[PDB]
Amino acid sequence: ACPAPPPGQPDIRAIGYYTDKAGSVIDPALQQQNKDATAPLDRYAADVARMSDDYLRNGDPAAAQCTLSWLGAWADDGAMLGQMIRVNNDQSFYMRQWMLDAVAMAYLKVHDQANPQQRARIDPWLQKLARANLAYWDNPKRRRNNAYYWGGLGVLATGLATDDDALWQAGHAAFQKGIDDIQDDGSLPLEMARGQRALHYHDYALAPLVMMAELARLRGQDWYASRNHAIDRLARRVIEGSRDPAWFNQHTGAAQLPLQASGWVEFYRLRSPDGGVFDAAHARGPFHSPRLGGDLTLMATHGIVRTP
């Protein structure tokens, strides 16, 4: 059944790979360096997403218990509670938010199988990771773009899974900053500044906002309603952009790398079907994203959590 977890390194040394002020032009050499430096961390997230996927699929306690064993090792190791090393930007910080997103969701998914010793071992670790990612945004010179929405998702999943009301509320605030920034356009000013990756970054911003709204929904809260379903304008801007990038081309003045919408469609489809405009993207599934919690198709259809 359960293979030996990989080691849990305390430091992250990730590398930024955009050459230009707009962060739209990839230096292939730096991109390869960042891929190689983050491979073990990505493998851990992919694995913990998948083993928690398996437990959601057929309620097999072996799947959950292996997930819990893997999380408990990195908890015991104090994985990613060391130094976030800056090479040429904050890539190490972003990577810890994506990692917390992956590990916190996996934990939530298998939480109902967690015994008191497992809870007691994992919760403190997730709470420390969440509090450290929050420390990163106590600085007002750090512009709250999609990175803050990715930060929020892990903080929030942590708040829900470990029942910490303060982290839950900090998560909500991150969500609320995103919804507040949505123009009547459906655009996000800080994402419109990312040249040929504006459409990519509208998709990439919307995705953690949708997953955060799905976590609120597990507590019977409707955050999608906020500012008259402002999120719907962004959902509709992105999916239009995937069939035809004229609007973003005109409004960024920059030819848009084509986009296929990511697995936020699988949830949002069910909440606001908006004439079926999300079904073409739905057809291309299933959608796997460890940093969104894993198999989004599976979670939207049967639930993020097996028992409320």
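Just count from 1 along the sequence shown to find any residue number.
A.B. asks: Read off the CA B-factors in the entry, average them over 214 to 222 and over 133 to 141, and name the higher stretch.
C.D. replies: The stretch with the larger mean CA B-factor is 133 to 141.
A.B. asks: 251 to 259 versus 39 to 47: which one carries the higher mean Cα B factor per the record?
C.D. replies: It is 251 to 259 that shows the higher mean C-alpha B-factor.
A.B. asks: Return the residue from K109, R237, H172, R121 that has the highest Cα B-factor in the entry.
C.D. replies: Highest C-alpha B-factor among the listed options: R237.
A.B. asks: Please work out which residue in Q176, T158, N88, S92 has the highest C-alpha B-factor recorded for this crystal structure.
C.D. replies: Comparing C-alpha B-factors across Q176, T158, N88, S92, the top value belongs to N88.
A.B. asks: Please rank the C-alpha B-factors of the chain's modelled residues and tell me whether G23 sits in the lowest, middle or highest third.
C.D. replies: Top third by C-alpha B-factor.
A.B. asks: Looking at the temperature factor on the CA atom of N115, which third of the chain's modelled residues does it land in?
C.D. replies: Its C-alpha B-factor belongs to the middle third of this chain's values.
A.B. asks: Taking the chain's C-alpha temperature factors as the reference, tell me which third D184 falls into: lowest, middle or highest.
C.D. replies: Tercile = highest for this residue's CA B-factor.
A.B. asks: Lowest, middle or highest third: which one holds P290 when the chain's residues are ordered by CA B-factor from the entry?
C.D. replies: Lowest third - that is where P290 ends up once the chain's C-alpha B-factors are sorted.
A.B. asks: Compare the C-alpha B factor of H202 with those of the other modelled residues in its chain, then answer lowest, middle or highest third.
C.D. replies: CA B-factor rank for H202: lowest third.
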